[PDB]
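None of the figures in this text is laboratory data; all of them are computed from the coordinates on show. FYI the Cβ positions are ideal-geometry reconstructions off the backbone, even for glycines, and counts take in every protein chain you see.
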């Protein structure tokens, strides 16, 4: 997630893993999905749990 | 003029395979020589005018 002037530039990438210990070693590109033109000051974030 | 991309040249059928999110394209010298049609998914090589 970024804080560009007007856009947010949501990036994402889904890759299968097998180590299951920590962040697996390897290089994978992050393809953009949507660029929402949301111009607002963002200085605090919090995720949601189910 | 493809969404602000203004220039001159000939549009020829290219054999490149652009990514599902990439429309523009530049060479090593930062010169636009390939772009897809934003209306119909089809790559178009931009060769300079004679």
| note | For chain B, averaging the sequence separation of alpha carbon pairs under 8 Å that lie six or more residues apart and dividing by its residue count, the contact order in percent is 42
| message | Along the Cα→Cβ direction, 7 angstrom out, place labels at residue A:49 and residue A:29. What is the inter-label distance in nm? | response | 3.6
| query | With the contact rule set at Cα under 8 Å and sequence spacing of 6 or more, what percent relative contact order holds for chain A? | reply | 45
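Would chain A count as rounded, prolate or oblate if I go by the C-alpha gyration tensor, calling it rounded below 1.5 in a/c and otherwise prolate when a/b exceeds b/c, oblate otherwise?
prolate
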| Given labels modelled 7 Å from the Cα in the Cβ direction, how far is it in nm from residue B:30 to residue A:22? | 3.8
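Please compute the average number of Cβ atoms from other chains found within 10 Å of each residue's Cβ in peptide A:27-37.
Values: counts 0, 0, 1, 0, 4, 3, 1, 1, 1, 0, 0.
So the per-residue partner count for this stretch is 1.
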